[PDB]
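So the structure is just underneath, and the comments pick up after that.
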Ligand SMILES: CCc1c(F)c(F)c(S(N)(=O)=O)c(F)c1F
Ligand SMILES: OC[C@H]1O[C@@H](O)[C@H](O)[C@@H](O)[C@@H]1O
Ligand SMILES: [Zn+2]
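In the authors' numbering, the protein residues as written are 4 to 125, 127 to 261.
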């Protein structure tokens, strides 16, 4: 099955998932000079006060923090979005070293990691139907740099020892994703895809300009996770990022002048 290694990684995905070579693949490099301020973007609304986290899962590619999306609690709206998008999960991509790990790049700069908060468009009823639509998903992407610790991340860090290997999960209730946001909501936006197989072209990407800082100790604990299952030879879960893909017939819009 697909992964991030030499024999199953991003350069192989197109064989099982030919959309990998499609017209609106993600991630992309964000050329800050070419991105254009868009006055038609409405204010972005990140409304996470009633979020209900449930569980954290090592899926063999990353770890997902899952939310109760059975009703409108944690939602994203405004900006480029038409209607209401409900938070279903978040996860990260990260590197083996601090100089790589992000999926999006900014003027070709790679960050140490990238957080993805995944939301589905409520007009389609469920996530599965949403991923059959060109506007089914909105992913809020947040870069991580290594510096001061992010206090709101520590609860995630401290549970990772209990989900070291593929297929392990743990209760993860009462986690507040507001503690993972930077101060500014300035963002870039463009139409793209899932960055993992099945690579479906359903996503409105909203990538925040301001990174969050996490400590070296925090990201080092991400790097102790395993891609493999329990009892199998250890393959550290590192470098679980897809590189930038061709922009093709797309423009990146900026929320800020
Ligand atoms: C199918 C579940 C799923 C992912 F596994 C995933 F990695 C992403 S991503 N990296 O594009 O944010 C999604 F948006 C997503 F919906
Ligand atoms: O034709 C002019 C238009 O070209 C488009 O490619 C740009 O996105 C618009 O901002 C611009 O007004
Ligand atoms: Zn992701």
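For every residue, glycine included, the Cβ atom is placed at its ideal position computed from N, Cα and C.
Exercise. Does the beta-carbon distance from residue 94 to residue 124 come in below 8 Å?
Worked result: No. Outside cutoff.
For this session: Would you list the one or two residues that DSSP bridges to residue 97?
Result: In the DSSP output, where bridge partners are listed per residue, residue 97 has 116.
Problem set entry | C-beta contact flag for residue 252 and residue 26 at 8 Å | Yes, the Cβ-Cβ distance between residue 252 and residue 26 is below 8 Å.
Exercise. By the 10 Å Cβ neighbour count, where 16 or more other Cβ atoms means buried, how is residue 40 classified, buried or exposed?
Worked result: exposed
For this session: Compute the Euclidean distance between the alpha carbons of residue 259 and residue 135, then round it to the nearest angstrom.
Result: 26 Å
Exercise. Could you name the residues, in chain order, whose CB is less than 5 Å away from a heavy atom belonging to ligand 1?
Worked result: Ordered along the chain, the selected set is 119, 121, 143, 198, 199 and 200.
For this session: State the DSSP-derived secondary structure class of residue 51, mapped to helix, strand or coil.
Result: coil
Exercise. Contact between the stretch 141-149 and the stretch 164-173: three or more CB pairs below 8 Å?
Worked result: no
For this session: Could you tell me whether the Cβ atoms of residue 13 and residue 247 are closer together than 8 Å?
Result: Yes. Within cutoff.
Exercise. Are the stretch 215-229 and the stretch 145-164 touching by the rule of at least three beta carbon pairs closer than 8 Å?
Worked result: yes
For this session: Give a single yes or no on whether residue 94 has its beta carbon closer than 7 Å to a heavy atom of ligand 3.
Result: yes
Exercise. Say the cut is 7 Å; is the CB of residue 39 nearer than that to a heavy atom of ligand 2?
Worked result: It does: the Cβ of residue 39 is within 7 Å (strictly closer) of some heavy atom of ligand 2.
Problem set entry | Paired residues, beta bridge with residue 173 - DSSP | DSSP lists 60 as partners of residue 173.
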